[PDB]
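Colleague: Got a file for you: input-v6.tsv, TSV, N, CA and C atoms and all ligand atoms.
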```tsv
chain	number	residue	atom	x	y	z
A	1	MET	N	10.14	-2.60	13.48
A	1	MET	CA	9.56	-3.94	13.79
A	1	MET	C	9.53	-4.72	12.49
A	2	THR	N	10.14	-5.88	12.48
A	2	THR	CA	10.21	-6.65	11.26
A	2	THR	C	8.87	-7.35	11.04
A	3	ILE	N	8.65	-7.81	9.81
A	3	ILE	CA	7.44	-8.54	9.50
A	3	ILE	C	7.36	-9.79	10.36
A	4	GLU	N	8.49	-10.47	10.56
A	4	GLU	CA	8.53	-11.67	11.39
A	4	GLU	C	8.19	-11.35	12.84
A	5	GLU	N	8.67	-10.22	13.34
A	5	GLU	CA	8.31	-9.79	14.68
A	5	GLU	C	6.81	-9.47	14.79
A	6	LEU	N	6.23	-8.85	13.77
A	6	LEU	CA	4.81	-8.54	13.78
A	6	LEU	C	4.00	-9.82	13.75
A	7	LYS	N	4.40	-10.78	12.92
A	7	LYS	CA	3.72	-12.07	12.89
A	7	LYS	C	3.66	-12.68	14.28
A	8	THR	N	4.81	-12.67	14.94
A	8	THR	CA	4.94	-13.23	16.28
A	8	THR	C	4.10	-12.46	17.31
A	9	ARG	N	4.17	-11.14	17.26
A	9	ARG	CA	3.40	-10.30	18.16
A	9	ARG	C	1.92	-10.54	17.99
A	10	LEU	N	1.47	-10.67	16.74
A	10	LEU	CA	0.06	-10.96	16.49
A	10	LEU	C	-0.34	-12.29	17.09
A	11	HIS	N	0.47	-13.32	16.91
A	11	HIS	CA	0.14	-14.60	17.49
A	11	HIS	C	0.05	-14.50	19.01
A	12	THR	N	0.98	-13.78	19.63
A	12	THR	CA	0.96	-13.59	21.06
A	12	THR	C	-0.30	-12.87	21.52
A	13	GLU	N	-0.66	-11.76	20.88
A	13	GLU	CA	-1.84	-11.05	21.30
A	13	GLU	C	-3.10	-11.84	21.04
A	14	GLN	N	-3.14	-12.57	19.92
A	14	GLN	CA	-4.26	-13.46	19.65
A	14	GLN	C	-4.41	-14.46	20.78
A	15	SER	N	-3.30	-15.01	21.24
A	15	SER	CA	-3.34	-16.01	22.31
A	15	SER	C	-3.82	-15.41	23.62
A	16	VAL	N	-3.24	-14.30	24.02
A	16	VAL	CA	-3.63	-13.75	25.30
A	16	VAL	C	-5.06	-13.21	25.25
A	17	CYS	N	-5.48	-12.68	24.11
A	17	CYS	CA	-6.83	-12.18	24.02
A	17	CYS	C	-7.85	-13.30	23.94
A	18	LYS	N	-7.49	-14.44	23.37
A	18	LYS	CA	-8.40	-15.58	23.38
A	18	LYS	C	-8.64	-16.00	24.82
A	19	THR	N	-7.58	-16.07	25.62
A	19	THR	CA	-7.66	-16.47	27.02
A	19	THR	C	-8.43	-15.43	27.86
A	20	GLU	N	-8.23	-14.16	27.56
A	20	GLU	CA	-8.88	-13.11	28.32
A	20	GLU	C	-10.38	-13.11	28.09
A	21	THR	N	-10.81	-13.44	26.89
A	21	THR	CA	-12.21	-13.30	26.48
A	21	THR	C	-12.97	-14.59	26.49
A	22	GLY	N	-12.28	-15.73	26.42
A	22	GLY	CA	-12.97	-17.00	26.29
A	22	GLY	C	-13.63	-17.22	24.95
A	23	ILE	N	-13.23	-16.47	23.93
A	23	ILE	CA	-13.79	-16.64	22.59
A	23	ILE	C	-13.46	-18.04	22.08
A	24	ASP	N	-14.41	-18.62	21.36
A	24	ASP	CA	-14.18	-19.90	20.68
A	24	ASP	C	-13.04	-19.73	19.69
A	25	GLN	N	-12.25	-20.78	19.50
A	25	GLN	CA	-11.18	-20.72	18.51
A	25	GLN	C	-11.74	-20.44	17.12
A	26	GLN	N	-12.88	-21.03	16.80
A	26	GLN	CA	-13.48	-20.83	15.49
A	26	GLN	C	-13.74	-19.34	15.24
A	27	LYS	N	-14.29	-18.65	16.25
A	27	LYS	CA	-14.61	-17.25	16.11
A	27	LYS	C	-13.35	-16.39	16.07
A	28	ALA	N	-12.35	-16.74	16.88
A	28	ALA	CA	-11.06	-16.07	16.79
A	28	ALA	C	-10.49	-16.24	15.39
A	29	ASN	N	-10.56	-17.45	14.85
A	29	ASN	CA	-10.10	-17.68	13.49
A	29	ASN	C	-10.83	-16.82	12.48
A	30	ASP	N	-12.13	-16.69	12.64
A	30	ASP	CA	-12.91	-15.86	11.75
A	30	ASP	C	-12.40	-14.42	11.79
A	31	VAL	N	-12.17	-13.90	12.99
A	31	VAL	CA	-11.66	-12.55	13.12
A	31	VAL	C	-10.27	-12.43	12.47
A	32	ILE	N	-9.42	-13.41	12.74
A	32	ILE	CA	-8.08	-13.39	12.20
A	32	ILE	C	-8.12	-13.40	10.66
A	33	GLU	N	-9.07	-14.13	10.10
A	33	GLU	CA	-9.25	-14.20	8.65
A	33	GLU	C	-10.00	-13.00	8.07
A	34	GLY	N	-10.46	-12.10	8.92
A	34	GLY	CA	-11.11	-10.88	8.47
A	34	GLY	C	-12.61	-10.97	8.29
A	35	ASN	N	-13.24	-11.98	8.87
A	35	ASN	CA	-14.69	-12.12	8.82
A	35	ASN	C	-15.19	-11.87	10.21
A	36	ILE	N	-15.53	-10.61	10.47
A	36	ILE	CA	-15.88	-10.16	11.81
A	36	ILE	C	-17.38	-10.16	12.00
A	37	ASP	N	-17.88	-10.96	12.93
A	37	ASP	CA	-19.29	-10.94	13.29
A	37	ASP	C	-19.41	-9.82	14.32
A	38	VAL	N	-19.69	-8.62	13.83
A	38	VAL	CA	-19.49	-7.43	14.66
A	38	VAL	C	-20.40	-7.39	15.89
A	39	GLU	N	-21.54	-8.08	15.83
A	39	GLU	CA	-22.53	-8.08	16.92
A	39	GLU	C	-22.24	-9.11	18.01
A	40	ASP	N	-21.28	-10.00	17.79
A	40	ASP	CA	-21.02	-11.10	18.71
A	40	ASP	C	-20.21	-10.56	19.89
A	41	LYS	N	-20.70	-10.78	21.10
A	41	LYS	CA	-20.08	-10.20	22.30
A	41	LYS	C	-18.62	-10.59	22.47
A	42	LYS	N	-18.29	-11.88	22.38
A	42	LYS	CA	-16.90	-12.26	22.59
A	42	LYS	C	-16.05	-11.83	21.41
A	43	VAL	N	-16.60	-11.77	20.21
A	43	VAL	CA	-15.86	-11.20	19.08
A	43	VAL	C	-15.50	-9.76	19.39
A	44	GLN	N	-16.46	-8.99	19.88
A	44	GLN	CA	-16.21	-7.62	20.27
A	44	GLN	C	-15.11	-7.54	21.30
A	45	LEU	N	-15.20	-8.37	22.34
A	45	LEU	CA	-14.20	-8.35	23.39
A	45	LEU	C	-12.83	-8.74	22.85
A	46	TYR	N	-12.78	-9.73	21.97
A	46	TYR	CA	-11.51	-10.14	21.37
A	46	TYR	C	-10.90	-9.02	20.54
A	47	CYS	N	-11.72	-8.39	19.71
A	47	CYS	CA	-11.25	-7.25	18.93
A	47	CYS	C	-10.77	-6.12	19.81
A	48	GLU	N	-11.53	-5.81	20.84
A	48	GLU	CA	-11.16	-4.78	21.78
A	48	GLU	C	-9.82	-5.10	22.43
A	49	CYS	N	-9.64	-6.34	22.83
A	49	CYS	CA	-8.44	-6.76	23.51
A	49	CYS	C	-7.22	-6.60	22.61
A	50	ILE	N	-7.34	-7.01	21.36
A	50	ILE	CA	-6.21	-6.90	20.46
A	50	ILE	C	-5.88	-5.43	20.25
A	51	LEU	N	-6.90	-4.60	20.04
A	51	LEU	CA	-6.66	-3.18	19.85
A	51	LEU	C	-6.04	-2.53	21.08
A	52	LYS	N	-6.53	-2.86	22.26
A	52	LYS	CA	-5.95	-2.31	23.50
A	52	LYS	C	-4.53	-2.79	23.72
A	53	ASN	N	-4.23	-4.04	23.39
A	53	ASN	CA	-2.88	-4.55	23.62
A	53	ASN	C	-1.86	-3.95	22.68
A	54	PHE	N	-2.32	-3.46	21.54
A	54	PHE	CA	-1.50	-2.66	20.63
A	54	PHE	C	-1.57	-1.16	20.95
A	55	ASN	N	-2.28	-0.79	22.02
A	55	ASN	CA	-2.41	0.61	22.47
A	55	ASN	C	-3.12	1.52	21.47
A	56	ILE	N	-3.88	0.90	20.57
A	56	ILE	CA	-4.69	1.60	19.59
A	56	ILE	C	-6.01	2.08	20.19
A	57	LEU	N	-6.49	1.35	21.18
A	57	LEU	CA	-7.48	1.86	22.10
A	57	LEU	C	-6.78	2.02	23.43
A	58	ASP	N	-6.99	3.15	24.11
A	58	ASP	CA	-6.47	3.25	25.46
A	58	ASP	C	-7.44	2.50	26.38
A	59	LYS	N	-7.13	2.49	27.67
A	59	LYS	CA	-7.89	1.68	28.61
A	59	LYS	C	-9.35	2.11	28.71
A	60	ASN	N	-9.62	3.37	28.39
A	60	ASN	CA	-10.98	3.91	28.35
A	60	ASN	C	-11.58	3.93	26.95
A	61	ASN	N	-11.02	3.15	26.04
A	61	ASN	CA	-11.54	3.00	24.66
A	61	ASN	C	-11.43	4.25	23.81
A	62	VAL	N	-10.49	5.12	24.16
A	62	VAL	CA	-10.17	6.24	23.29
A	62	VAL	C	-9.32	5.71	22.16
A	63	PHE	N	-9.80	5.97	20.94
A	63	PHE	CA	-9.15	5.50	19.75
A	63	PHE	C	-7.96	6.39	19.37
A	64	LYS	N	-6.86	5.74	19.02
A	64	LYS	CA	-5.58	6.37	18.68
A	64	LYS	C	-5.19	6.01	17.24
A	65	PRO	N	-5.56	6.86	16.28
A	65	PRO	CA	-5.26	6.54	14.87
A	65	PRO	C	-3.79	6.29	14.59
A	66	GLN	N	-2.89	6.99	15.27
A	66	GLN	CA	-1.45	6.83	15.06
A	66	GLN	C	-0.97	5.40	15.34
A	67	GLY	N	-1.62	4.71	16.27
A	67	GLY	CA	-1.30	3.32	16.56
A	67	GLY	C	-1.57	2.41	15.38
A	68	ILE	N	-2.68	2.65	14.69
A	68	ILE	CA	-2.99	1.91	13.47
A	68	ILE	C	-1.94	2.20	12.40
A	69	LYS	N	-1.62	3.48	12.23
A	69	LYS	CA	-0.64	3.90	11.23
A	69	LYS	C	0.70	3.18	11.44
A	70	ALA	N	1.15	3.12	12.69
A	70	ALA	CA	2.43	2.49	13.03
A	70	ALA	C	2.51	1.04	12.60
A	71	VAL	N	1.43	0.28	12.82
A	71	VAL	CA	1.41	-1.13	12.44
A	71	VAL	C	1.21	-1.26	10.91
A	72	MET	N	0.25	-0.54	10.36
A	72	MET	CA	-0.13	-0.75	8.97
A	72	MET	C	0.94	-0.26	7.99
A	73	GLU	N	1.76	0.72	8.37
A	73	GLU	CA	2.80	1.15	7.45
A	73	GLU	C	3.86	0.05	7.25
A	74	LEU	N	3.83	-1.01	8.05
A	74	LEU	CA	4.68	-2.18	7.82
A	74	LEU	C	4.14	-3.07	6.71
A	75	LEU	N	2.86	-2.91	6.39
A	75	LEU	CA	2.11	-3.85	5.57
A	75	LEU	C	1.64	-3.30	4.24
A	76	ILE	N	1.30	-2.02	4.18
A	76	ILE	CA	0.78	-1.42	2.96
A	76	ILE	C	1.43	-0.09	2.80
A	77	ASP	N	1.30	0.46	1.60
A	77	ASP	CA	1.97	1.70	1.26
A	77	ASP	C	1.42	2.89	2.04
A	78	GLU	N	2.23	3.94	2.14
A	78	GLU	CA	1.93	5.09	2.98
A	78	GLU	C	0.58	5.72	2.64
A	79	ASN	N	0.30	5.91	1.37
A	79	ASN	CA	-0.95	6.55	1.00
A	79	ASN	C	-2.15	5.70	1.35
A	80	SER	N	-2.02	4.40	1.20
A	80	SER	CA	-3.09	3.49	1.56
A	80	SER	C	-3.34	3.54	3.06
A	81	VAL	N	-2.28	3.65	3.87
A	81	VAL	CA	-2.43	3.79	5.32
A	81	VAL	C	-3.22	5.06	5.63
A	82	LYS	N	-2.90	6.17	4.97
A	82	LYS	CA	-3.66	7.40	5.19
A	82	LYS	C	-5.13	7.19	4.87
A	83	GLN	N	-5.39	6.48	3.77
A	83	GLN	CA	-6.74	6.17	3.33
A	83	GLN	C	-7.46	5.31	4.33
A	84	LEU	N	-6.75	4.32	4.86
A	84	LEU	CA	-7.31	3.45	5.88
A	84	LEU	C	-7.70	4.27	7.08
A	85	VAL	N	-6.80	5.14	7.53
A	85	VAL	CA	-7.08	5.94	8.71
A	85	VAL	C	-8.30	6.83	8.48
A	86	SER	N	-8.41	7.45	7.31
A	86	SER	CA	-9.58	8.27	7.02
A	86	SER	C	-10.86	7.42	6.94
A	87	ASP	N	-10.74	6.25	6.34
A	87	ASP	CA	-11.87	5.34	6.16
A	87	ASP	C	-12.40	4.81	7.48
A	88	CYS	N	-11.48	4.59	8.43
A	88	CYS	CA	-11.77	3.76	9.60
A	88	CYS	C	-11.77	4.51	10.93
A	89	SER	N	-11.41	5.80	10.95
A	89	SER	CA	-11.19	6.47	12.24
A	89	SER	C	-12.42	7.10	12.89
A	90	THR	N	-13.53	7.20	12.16
A	90	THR	CA	-14.73	7.83	12.68
A	90	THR	C	-15.97	7.00	12.35
A	91	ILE	N	-15.88	5.72	12.66
A	91	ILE	CA	-17.00	4.82	12.49
A	91	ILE	C	-18.15	5.33	13.35
A	92	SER	N	-19.33	5.32	12.77
A	92	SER	CA	-20.50	5.89	13.44
A	92	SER	C	-21.07	4.85	14.39
A	93	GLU	N	-20.46	4.74	15.56
A	93	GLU	CA	-20.89	3.75	16.57
A	93	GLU	C	-20.63	4.26	17.96
A	94	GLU	N	-21.66	4.30	18.81
A	94	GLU	CA	-21.51	4.83	20.18
A	94	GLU	C	-21.12	3.79	21.23
A	95	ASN	N	-21.45	2.54	20.96
A	95	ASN	CA	-21.17	1.44	21.87
A	95	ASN	C	-19.72	1.04	21.69
A	96	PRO	N	-18.87	1.22	22.73
A	96	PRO	CA	-17.43	0.98	22.52
A	96	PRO	C	-17.10	-0.44	22.06
A	97	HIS	N	-17.91	-1.42	22.46
A	97	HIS	CA	-17.64	-2.80	22.08
A	97	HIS	C	-17.93	-3.05	20.63
A	98	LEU	N	-19.04	-2.50	20.15
A	98	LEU	CA	-19.37	-2.60	18.73
A	98	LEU	C	-18.40	-1.77	17.89
A	99	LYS	N	-17.93	-0.66	18.44
A	99	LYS	CA	-16.91	0.10	17.76
A	99	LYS	C	-15.63	-0.72	17.58
A	100	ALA	N	-15.24	-1.49	18.59
A	100	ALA	CA	-14.02	-2.27	18.51
A	100	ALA	C	-14.12	-3.33	17.42
A	101	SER	N	-15.23	-4.06	17.36
A	101	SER	CA	-15.37	-5.04	16.30
A	101	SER	C	-15.46	-4.36	14.93
A	102	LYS	N	-16.16	-3.23	14.85
A	102	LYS	CA	-16.26	-2.52	13.58
A	102	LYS	C	-14.89	-1.99	13.14
A	103	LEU	N	-14.07	-1.57	14.09
A	103	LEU	CA	-12.71	-1.08	13.79
A	103	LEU	C	-11.86	-2.20	13.20
A	104	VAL	N	-11.87	-3.37	13.84
A	104	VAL	CA	-11.11	-4.49	13.32
A	104	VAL	C	-11.64	-4.89	11.95
A	105	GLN	N	-12.96	-4.85	11.78
A	105	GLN	CA	-13.52	-5.15	10.48
A	105	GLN	C	-13.02	-4.19	9.40
A	106	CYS	N	-13.00	-2.91	9.72
A	106	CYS	CA	-12.60	-1.93	8.75
A	106	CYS	C	-11.11	-2.06	8.40
A	107	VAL	N	-10.25	-2.26	9.39
A	107	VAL	CA	-8.82	-2.41	9.16
A	107	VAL	C	-8.57	-3.67	8.32
A	108	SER	N	-9.34	-4.71	8.58
A	108	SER	CA	-9.17	-5.99	7.95
A	108	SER	C	-9.51	-5.97	6.47
A	109	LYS	N	-10.22	-4.94	6.01
A	109	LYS	CA	-10.41	-4.76	4.57
A	109	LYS	C	-9.07	-4.51	3.88
A	110	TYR	N	-8.13	-3.94	4.61
A	110	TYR	CA	-6.84	-3.55	4.07
A	110	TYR	C	-5.85	-4.71	4.18
A	111	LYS	N	-5.68	-5.23	5.39
A	111	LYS	CA	-4.91	-6.46	5.59
A	111	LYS	C	-5.60	-7.18	6.72
A	112	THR	N	-5.81	-8.48	6.56
A	112	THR	CA	-6.30	-9.29	7.66
A	112	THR	C	-5.13	-9.76	8.51
A	113	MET	N	-5.39	-10.13	9.75
A	113	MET	CA	-4.31	-10.66	10.57
A	113	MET	C	-3.74	-11.94	9.96
A	114	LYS	N	-4.61	-12.79	9.42
A	114	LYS	CA	-4.13	-14.03	8.83
A	114	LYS	C	-3.17	-13.76	7.69
A	115	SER	N	-3.47	-12.74	6.90
A	115	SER	CA	-2.66	-12.48	5.72
A	115	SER	C	-1.23	-12.06	6.05
A	116	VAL	N	-1.01	-11.53	7.25
A	116	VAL	CA	0.33	-11.16	7.67
A	116	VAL	C	1.22	-12.39	7.73
A	117	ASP	N	0.64	-13.55	8.04
A	117	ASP	CA	1.43	-14.78	8.12
A	117	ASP	C	2.02	-15.25	6.82
A	118	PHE	N	1.47	-14.80	5.70
A	118	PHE	CA	1.98	-15.23	4.41
A	118	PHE	C	3.16	-14.38	3.94
A	119	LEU	N	3.47	-13.31	4.67
A	119	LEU	CA	4.47	-12.36	4.20
A	119	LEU	C	5.89	-12.77	4.57
B	201	LIG	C1	-2.68	-4.05	15.04
B	201	LIG	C2	-3.89	-4.42	15.44
B	201	LIG	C3	-4.34	-3.98	16.64
B	201	LIG	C4	-4.91	-4.94	14.41
B	201	LIG	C5	-4.76	-6.22	13.82
B	201	LIG	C6	-3.69	-6.18	12.78
B	201	LIG	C7	-4.17	-6.34	11.29
B	201	LIG	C8	-3.05	-6.49	10.12
B	201	LIG	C9	-5.56	-6.26	10.83
B	201	LIG	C10	-6.63	-5.97	11.74
B	201	LIG	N1	-7.77	-5.59	12.69
```
Represent the structure contained in this file as structure tokens.
Ligand SMILES: CC(C)=CCC/C(C)=C\C#N
Modeller:
Amino acid sequence: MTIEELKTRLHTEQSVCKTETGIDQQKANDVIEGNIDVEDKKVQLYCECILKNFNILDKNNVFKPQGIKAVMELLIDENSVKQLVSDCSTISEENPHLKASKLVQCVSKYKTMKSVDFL
């Protein structure tokens, strides 16, 4: 998957997830820029939607670390991806919606969705 294809795919998922969740554009922008209000319900739903559409969460919110690895190895070096996966794969959160926002927050420390557009 080329960087240009990932840019495009991200825009597409951002669009469909905005529509699915009804999130304000401002809040979607915040998430895209890596500023995740983890407690905000529609932020959670938006994060969840993007993760599910990339198959990183399955339909029952089972987290799939390999899905993160597949996308992030396009963006950062292999060892950093391993570090990201270790850093982000066992967030201490029982509520699947808060887990989804926390997951996007953690991944976004490494690369934000917005930052992919500059590549
Ligand atoms: C690939 C998916 C599901 C996550 C968004 C992509 C990026 C680069 C940061 C985050 N969160």
Colleague: When DSSP is applied to the backbone of this structure, which of chain A are assigned helix (DSSP H, G or I)? Write them out as a ChimeraX atom specification.
Modeller: /A:3-21,25-32,41-53,65-72,78-88,96-108,113-116
Colleague: Would you kindly return, as a ChimeraX atom specification, each protein, DNA or RNA residue with an atom no farther than 6 Å from any atom of residue 117 (chain A), considering all atoms listed in the file and excluding same-chain residues fewer than 3 positions away?
Modeller: /A:7,113-114
Colleague: Can you pull out every residue with an atom within 5 Å of ligand LIG 201 (chain B)? Use all atoms listed in the file and format it as a PyMOL selection string.
Modeller: chain A and resi 50-51+104+107-108+111-113
Colleague: Using only C-alpha atoms, which of A:41, A:80, A:15, A:88 sits nearest residue 29 (chain A)?
Modeller: A:15
Colleague: How far is it from atom N of residue 32 (chain A) to CA of residue 6 (chain A), in Å with one decimal?
Modeller: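 Computing it gives 15.1 Å between the two atoms.
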Colleague: To one decimal in Å, tell me the separation between CA of residue 102 (chain A) and atom N of residue 3 (chain A).
Modeller: 25.7 Å
Colleague: To one decimal place, how far is CA of residue 28 (chain A) from CA of residue 54 (chain A) in Å?
Modeller: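 Computing the Euclidean distance for CA of residue 28 (chain A) and CA of residue 54 (chain A) yields 16.9 Å.
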Colleague: Which residues, written as a list in words, have at least one atom at most 7 Å from residue 67 (chain A), with only N, CA and C atoms counted and residues fewer than 2 positions away on the same chain left out?
Modeller: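 Answer for this query is residues 54, 55, 56, 64, 65, 69, 70, 71 and 72 of chain A.
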Colleague: As JSON, what would the box around region 21-36 of chain A look like: edges along x, y and z, 8 Å added on every side, centre and edge lengths in Å to one decimal?
Modeller:
```
{"center_x": -12.7, "center_y": -15.6, "center_z": 17.5, "size_x": 25.3, "size_y": 26.9, "size_z": 34.8}
```
Colleague: Kindly add N, CA, C and O atoms to the incomplete region 24-36 of chain A and provide the output as a short mmCIF file (atom, residue, chain, number, x, y, z; two decimals), keeping the file's coordinate frame.
Modeller:
```cif
data_model
loop_
_atom_site.label_atom_id
_atom_site.label_comp_id
_atom_site.auth_asym_id
_atom_site.auth_seq_id
_atom_site.Cartn_x
_atom_site.Cartn_y
_atom_site.Cartn_z
N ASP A 24 -14.41 -18.62 21.36
CA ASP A 24 -14.18 -19.90 20.68
C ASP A 24 -13.04 -19.73 19.69
O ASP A 24 -12.94 -18.70 19.02
N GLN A 25 -12.25 -20.78 19.50
CA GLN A 25 -11.18 -20.72 18.51
C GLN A 25 -11.74 -20.44 17.12
O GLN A 25 -11.13 -19.72 16.36
N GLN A 26 -12.88 -21.03 16.80
CA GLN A 26 -13.48 -20.83 15.49
C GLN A 26 -13.74 -19.34 15.24
O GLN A 26 -13.46 -18.82 14.16
N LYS A 27 -14.29 -18.65 16.25
CA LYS A 27 -14.61 -17.25 16.11
C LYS A 27 -13.35 -16.39 16.07
O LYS A 27 -13.28 -15.42 15.31
N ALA A 28 -12.35 -16.74 16.88
CA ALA A 28 -11.06 -16.07 16.79
C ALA A 28 -10.49 -16.24 15.39
O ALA A 28 -10.02 -15.27 14.80
N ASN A 29 -10.56 -17.45 14.85
CA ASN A 29 -10.10 -17.68 13.49
C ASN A 29 -10.83 -16.82 12.48
O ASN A 29 -10.22 -16.32 11.54
N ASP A 30 -12.13 -16.69 12.64
CA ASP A 30 -12.91 -15.86 11.75
C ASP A 30 -12.40 -14.42 11.79
O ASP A 30 -12.19 -13.81 10.75
N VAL A 31 -12.17 -13.90 12.99
CA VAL A 31 -11.66 -12.55 13.12
C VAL A 31 -10.27 -12.43 12.47
O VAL A 31 -10.02 -11.50 11.71
N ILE A 32 -9.42 -13.41 12.74
CA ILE A 32 -8.08 -13.39 12.20
C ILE A 32 -8.12 -13.40 10.66
O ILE A 32 -7.34 -12.72 10.01
N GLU A 33 -9.07 -14.13 10.10
CA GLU A 33 -9.25 -14.20 8.65
C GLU A 33 -10.00 -13.00 8.07
O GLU A 33 -10.16 -12.92 6.85
N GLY A 34 -10.46 -12.10 8.92
CA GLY A 34 -11.11 -10.88 8.47
C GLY A 34 -12.61 -10.97 8.29
O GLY A 34 -13.18 -10.10 7.66
N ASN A 35 -13.24 -11.98 8.87
CA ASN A 35 -14.69 -12.12 8.82
C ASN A 35 -15.19 -11.87 10.21
O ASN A 35 -15.21 -12.77 11.05
N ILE A 36 -15.53 -10.61 10.47
CA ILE A 36 -15.88 -10.16 11.81
C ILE A 36 -17.38 -10.16 12.00
O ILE A 36 -18.09 -9.44 11.32
#
```
